[PDB]
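One file, model21.csv, is given below (CSV, C-alpha atoms).
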chain,number,residue,atom,x,y,z
B,1,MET,CA,110.5,63.4,200.5
B,2,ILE,CA,106.8,63.1,201.1
B,3,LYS,CA,105.8,65.8,203.7
B,4,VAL,CA,103.0,64.5,206.0
B,5,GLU,CA,101.4,66.6,208.7
B,6,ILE,CA,99.3,65.5,211.7
B,7,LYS,CA,97.2,68.6,212.6
B,8,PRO,CA,96.1,69.4,216.2
B,9,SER,CA,92.6,68.1,215.3
B,10,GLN,CA,94.0,64.7,214.1
B,11,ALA,CA,95.7,63.7,217.4
B,12,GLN,CA,93.5,60.7,218.0
B,13,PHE,CA,92.7,57.4,216.4
B,14,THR,CA,89.4,55.6,216.1
B,15,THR,CA,89.1,51.8,216.2
B,16,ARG,CA,87.1,49.4,214.0
B,17,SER,CA,86.6,45.8,214.9
B,18,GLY,CA,85.3,42.4,213.8
B,19,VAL,CA,86.1,38.7,213.2
B,20,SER,CA,88.3,37.0,210.6
B,21,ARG,CA,87.2,34.2,208.2
B,22,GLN,CA,88.1,31.4,210.6
B,23,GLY,CA,87.1,32.9,214.0
B,24,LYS,CA,89.9,35.3,215.2
B,25,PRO,CA,89.0,38.8,216.6
B,26,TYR,CA,90.8,41.9,215.3
B,27,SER,CA,91.0,45.6,216.0
B,28,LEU,CA,92.3,48.2,213.6
B,29,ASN,CA,93.2,51.7,214.6
B,30,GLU,CA,92.8,54.5,212.1
B,31,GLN,CA,94.2,58.0,212.1
B,32,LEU,CA,93.9,60.9,209.6
B,33,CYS,CA,96.6,63.2,208.2
B,34,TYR,CA,97.4,65.7,205.5
B,35,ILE,CA,99.9,64.9,202.7
B,36,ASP,CA,101.3,67.4,200.3
B,37,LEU,CA,100.9,65.9,196.9
B,38,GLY,CA,101.8,69.1,195.1
B,39,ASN,CA,98.3,70.4,194.5
B,40,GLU,CA,97.0,73.8,195.8
B,41,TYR,CA,96.4,72.4,199.3
B,42,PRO,CA,97.5,69.2,201.1
B,43,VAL,CA,94.9,66.3,200.9
B,44,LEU,CA,93.3,64.3,203.6
B,45,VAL,CA,94.5,60.7,203.9
B,46,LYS,CA,93.4,57.8,206.2
B,47,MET,CA,96.1,55.6,207.9
B,48,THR,CA,95.7,52.2,209.6
B,49,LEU,CA,98.3,52.0,212.4
B,50,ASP,CA,100.4,48.9,213.3
B,51,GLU,CA,99.5,46.8,216.4
B,52,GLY,CA,100.5,48.3,219.7
B,53,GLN,CA,101.5,51.7,218.3
B,54,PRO,CA,100.0,54.9,219.7
B,55,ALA,CA,98.6,57.7,217.6
B,56,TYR,CA,101.2,59.9,216.1
B,57,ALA,CA,101.4,63.3,217.9
B,58,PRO,CA,100.7,66.6,216.0
B,59,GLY,CA,103.7,67.7,213.8
B,60,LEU,CA,105.7,67.1,210.7
B,61,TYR,CA,106.7,63.6,209.4
B,62,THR,CA,108.1,61.8,206.4
B,63,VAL,CA,107.5,58.2,205.1
B,64,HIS,CA,109.6,55.3,206.4
B,65,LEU,CA,110.9,52.8,203.8
B,66,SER,CA,109.0,49.9,205.5
B,67,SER,CA,105.8,51.4,204.1
B,68,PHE,CA,106.6,49.8,200.7
B,69,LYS,CA,106.5,46.2,199.3
B,70,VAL,CA,106.6,44.5,196.0
B,71,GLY,CA,103.1,43.4,195.1
B,72,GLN,CA,101.8,40.2,193.5
B,73,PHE,CA,102.1,41.7,189.9
B,74,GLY,CA,105.8,42.6,190.6
B,75,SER,CA,105.3,46.5,190.9
B,76,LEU,CA,105.8,48.6,194.0
B,77,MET,CA,102.9,49.1,196.3
B,78,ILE,CA,102.2,50.8,199.6
B,79,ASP,CA,101.7,48.1,202.3
B,80,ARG,CA,100.7,50.6,205.1
B,81,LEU,CA,101.9,54.2,205.5
B,82,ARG,CA,104.5,54.2,208.4
B,83,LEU,CA,105.9,57.5,209.5
B,84,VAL,CA,109.1,58.9,211.1
B,85,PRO,CA,109.6,62.5,212.5
B,86,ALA,CA,110.9,65.2,210.2
U,1,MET,CA,114.1,59.1,199.9
U,2,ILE,CA,113.7,55.9,198.0
U,3,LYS,CA,116.9,55.1,196.1
U,4,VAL,CA,116.1,53.5,192.7
U,5,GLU,CA,118.8,52.2,190.3
U,6,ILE,CA,118.5,51.3,186.6
U,7,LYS,CA,121.4,48.9,186.0
U,8,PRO,CA,123.2,48.8,182.6
U,9,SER,CA,121.2,45.6,181.8
U,10,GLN,CA,117.9,47.3,182.4
U,11,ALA,CA,118.3,50.1,179.8
U,12,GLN,CA,115.4,48.9,177.6
U,13,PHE,CA,111.7,48.5,177.8
U,14,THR,CA,109.4,45.8,176.5
U,15,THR,CA,105.9,46.5,175.1
U,16,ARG,CA,102.7,44.7,175.8
U,17,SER,CA,99.6,45.3,173.7
U,18,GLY,CA,95.9,44.6,173.4
U,19,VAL,CA,92.3,46.1,173.1
U,20,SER,CA,90.1,47.8,175.7
U,21,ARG,CA,86.6,46.8,176.6
U,22,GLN,CA,85.0,49.0,174.1
U,23,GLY,CA,87.4,48.7,171.1
U,24,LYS,CA,90.4,51.0,171.6
U,25,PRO,CA,94.0,49.7,171.1
U,26,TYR,CA,96.6,50.3,173.8
U,27,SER,CA,100.3,49.8,174.2
U,28,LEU,CA,102.1,49.6,177.5
U,29,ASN,CA,105.9,49.9,178.0
U,30,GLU,CA,107.5,48.1,180.9
U,31,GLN,CA,110.9,48.6,182.4
U,32,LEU,CA,112.8,46.9,185.3
U,33,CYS,CA,114.7,48.5,188.1
U,34,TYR,CA,116.2,47.8,191.5
U,35,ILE,CA,114.9,49.5,194.6
U,36,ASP,CA,116.5,49.5,198.0
U,37,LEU,CA,113.9,48.5,200.5
U,38,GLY,CA,116.3,48.1,203.4
U,39,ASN,CA,116.9,44.3,203.0
U,40,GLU,CA,120.3,42.7,202.4
U,41,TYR,CA,120.2,43.5,198.7
U,42,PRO,CA,118.0,45.8,196.5
U,43,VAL,CA,114.9,44.1,195.0
U,44,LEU,CA,113.7,43.8,191.4
U,45,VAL,CA,110.6,45.9,190.5
U,46,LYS,CA,108.6,46.3,187.3
U,47,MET,CA,107.5,49.8,186.1
U,48,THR,CA,104.9,50.7,183.5
U,49,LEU,CA,106.0,53.9,181.8
U,50,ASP,CA,103.8,56.9,180.8
U,51,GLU,CA,102.8,57.5,177.2
U,52,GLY,CA,105.5,59.0,175.0
U,53,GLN,CA,108.2,58.6,177.6
U,54,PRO,CA,111.5,56.9,176.7
U,55,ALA,CA,113.1,54.3,178.9
U,56,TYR,CA,115.1,55.7,181.8
U,57,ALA,CA,118.9,55.6,181.2
U,58,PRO,CA,121.2,53.6,183.6
U,59,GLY,CA,121.8,55.5,186.8
U,60,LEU,CA,120.5,56.6,190.2
U,61,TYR,CA,117.0,58.0,190.7
U,62,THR,CA,114.4,59.0,193.4
U,63,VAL,CA,110.6,58.8,193.3
U,64,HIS,CA,108.6,61.9,192.1
U,65,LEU,CA,105.5,63.0,194.1
U,66,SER,CA,103.2,62.4,191.1
U,67,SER,CA,103.7,58.7,191.7
U,68,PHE,CA,101.1,58.8,194.5
U,69,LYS,CA,97.3,59.3,194.7
U,70,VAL,CA,94.5,58.8,197.3
U,71,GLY,CA,92.7,55.6,196.5
U,72,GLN,CA,89.0,54.7,196.6
U,73,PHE,CA,89.2,53.7,200.3
U,74,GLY,CA,90.8,57.1,201.3
U,75,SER,CA,94.4,55.7,201.9
U,76,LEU,CA,97.6,56.5,200.0
U,77,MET,CA,98.4,54.4,197.0
U,78,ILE,CA,101.0,54.2,194.3
U,79,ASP,CA,99.4,55.2,190.9
U,80,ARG,CA,102.5,54.5,188.7
U,81,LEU,CA,106.2,54.8,189.8
U,82,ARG,CA,107.5,58.0,188.2
U,83,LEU,CA,111.2,58.8,188.6
U,84,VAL,CA,113.5,61.9,188.6
U,85,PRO,CA,117.4,61.9,188.6
U,86,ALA,CA,119.2,61.8,191.9

Show how you would write the structure in this file as structure tokens.
Amino acid sequence: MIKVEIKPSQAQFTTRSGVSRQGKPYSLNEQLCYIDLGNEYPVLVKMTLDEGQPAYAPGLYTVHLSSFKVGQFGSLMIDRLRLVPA
Amino acid sequence: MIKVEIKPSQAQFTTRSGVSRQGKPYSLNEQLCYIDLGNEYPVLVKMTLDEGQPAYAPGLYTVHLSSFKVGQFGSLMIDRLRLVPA
């Protein structure tokens, strides 16, 4: 299991916006977290949240299976990091 | 945990080859597996193995932490799927 931590300082999201190729508006919410990838300290990682989802609260989380998909070259890829409480 | 299965029919790798941009030869070994992504049946996924590593034997496996890296846009990515026995 991948250990992900949302620190007290990471409790908010920021929002970027713009317009798609054929006219539609979009908004993307982004939140930071720390993921332990087995180095000396956890590393900082940016997450784009799904529509209508609040920022995750501070605490410990692991990665949900829906984070993954098979890509166009047939290998596994991350679609978007989606989290569940530890 | 991601459940990965190497079936009896997937016990071998195939090898692709070629030459890099500035002259070096390369060989890449590829092996297939089934990964349970929570749909009605597991899906077929292609893996590129690391240098000097044999094909994984038939059986159940989970994903090692070294499979992941932070990408150039700061989000988590899969580098190469690396497995350990379940």

Check every residue of chain U for an atom within 12 Å of chain B, counting all atoms listed in the file, and provide those that qualify as a PyMOL selection string. chain U and resi 1-4+30-39+42-49+62-82

CA of residue 5 in chain B and CA of residue 41 in chain B are how many Å apart?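 Between CA of residue 5 in chain B and CA of residue 41 in chain B the gap is 12.1 Å.
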
Superposed chain U (ref. Chain B, all C-alpha pairs in order) as a compact mmCIF listing (two decimals) with C-alpha atoms, in the frame of the given file:
# COMPACT_ATOMS: atom_id res chain seq x y z
CA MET U 1 110.48 63.32 200.49
CA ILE U 2 106.80 63.20 201.14
CA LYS U 3 105.84 65.82 203.73
CA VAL U 4 103.06 64.51 206.04
CA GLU U 5 101.40 66.65 208.75
CA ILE U 6 99.24 65.54 211.70
CA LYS U 7 97.20 68.65 212.57
CA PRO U 8 96.18 69.38 216.20
CA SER U 9 92.66 68.08 215.32
CA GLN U 10 93.98 64.77 214.12
CA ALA U 11 95.73 63.72 217.37
CA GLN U 12 93.46 60.70 217.99
CA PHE U 13 92.64 57.43 216.41
CA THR U 14 89.37 55.58 216.01
CA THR U 15 89.05 51.77 216.24
CA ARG U 16 87.18 49.44 213.99
CA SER U 17 86.58 45.82 214.96
CA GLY U 18 85.31 42.48 213.75
CA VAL U 19 86.10 38.69 213.19
CA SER U 20 88.28 36.97 210.58
CA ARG U 21 87.18 34.23 208.27
CA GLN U 22 88.13 31.50 210.57
CA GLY U 23 87.14 32.94 214.01
CA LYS U 24 89.86 35.31 215.25
CA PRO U 25 88.98 38.82 216.58
CA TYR U 26 90.83 41.85 215.24
CA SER U 27 91.02 45.52 216.03
CA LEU U 28 92.23 48.17 213.65
CA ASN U 29 93.21 51.76 214.61
CA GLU U 30 92.77 54.51 212.07
CA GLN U 31 94.22 57.96 212.05
CA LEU U 32 93.92 60.96 209.64
CA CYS U 33 96.63 63.13 208.25
CA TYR U 34 97.37 65.65 205.53
CA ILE U 35 99.85 64.91 202.79
CA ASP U 36 101.25 67.36 200.31
CA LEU U 37 100.83 65.90 196.88
CA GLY U 38 101.80 69.04 195.01
CA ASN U 39 98.22 70.42 194.51
CA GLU U 40 97.00 73.79 195.77
CA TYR U 41 96.44 72.45 199.27
CA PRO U 42 97.50 69.23 201.12
CA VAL U 43 94.98 66.34 200.90
CA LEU U 44 93.28 64.28 203.62
CA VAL U 45 94.49 60.64 203.94
CA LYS U 46 93.47 57.78 206.22
CA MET U 47 96.15 55.57 207.90
CA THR U 48 95.72 52.20 209.57
CA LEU U 49 98.25 51.95 212.38
CA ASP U 50 100.38 48.90 213.36
CA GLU U 51 99.55 46.80 216.40
CA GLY U 52 100.55 48.32 219.73
CA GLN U 53 101.46 51.65 218.23
CA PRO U 54 100.02 54.87 219.70
CA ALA U 55 98.60 57.62 217.56
CA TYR U 56 101.18 59.95 216.05
CA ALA U 57 101.40 63.33 217.88
CA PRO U 58 100.70 66.63 215.97
CA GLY U 59 103.66 67.63 213.86
CA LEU U 60 105.68 67.12 210.68
CA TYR U 61 106.67 63.67 209.41
CA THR U 62 108.17 61.78 206.38
CA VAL U 63 107.43 58.28 205.09
CA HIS U 64 109.61 55.33 206.34
CA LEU U 65 110.89 52.75 203.79
CA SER U 66 108.98 49.91 205.50
CA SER U 67 105.82 51.45 204.09
CA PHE U 68 106.53 49.81 200.71
CA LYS U 69 106.54 46.22 199.35
CA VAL U 70 106.59 44.48 195.91
CA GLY U 71 103.09 43.37 195.10
CA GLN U 72 101.78 40.19 193.47
CA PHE U 73 102.17 41.67 189.94
CA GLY U 74 105.89 42.60 190.57
CA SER U 75 105.30 46.45 190.89
CA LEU U 76 105.82 48.69 193.93
CA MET U 77 102.94 49.09 196.29
CA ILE U 78 102.18 50.79 199.55
CA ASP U 79 101.70 48.09 202.32
CA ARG U 80 100.72 50.52 205.17
CA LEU U 81 101.89 54.19 205.55
CA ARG U 82 104.48 54.16 208.34
CA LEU U 83 105.88 57.50 209.50
CA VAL U 84 109.07 58.88 211.17
CA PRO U 85 109.61 62.50 212.53
CA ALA U 86 110.91 65.13 210.18

Option closest in space to residue 58 in chain B, from B:15, B:22, B:10, B:29 [counting only C-alpha atoms]: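 Answer, going by the shortest atom-to-atom distance: B:10.
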
Atomic separation - CA of residue 7 in chain U relative to CA of residue 57 in chain U, Å: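 Interatomic distance here is 8.6 Å.
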
Considering all atoms listed in the file, return as a compact mmCIF listing (two decimals) with C-alpha atoms, in the coordinates of the input whatever protein or nucleic-acid residues lie within 8 Å of residue 85 in chain B, sequence-local ones (same chain, fewer than 3 positions apart) excluded.
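Everything below was put into selection.txt:
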# COMPACT_ATOMS: atom_id res chain seq x y z
CA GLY B 59 103.70 67.70 213.80
CA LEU B 60 105.70 67.10 210.70
CA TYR B 61 106.70 63.60 209.40
CA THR B 62 108.10 61.80 206.40

In Å, with one decimal, what is the gap from CA of residue 52 in chain U to CA of residue 84 in chain U?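 Computing the Euclidean distance for CA of residue 52 in chain U and CA of residue 84 in chain U yields 16.0 Å.
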
Taking 2 positions as the minimum chain separation for residues in the same chain, which residues sit within 7 Å of residue 55 in chain B when counting only C-alpha atoms? Answer as a list in words.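 Here the qualifying residues turn out to be residues 11, 12, 13, 53 and 57 of chain B.
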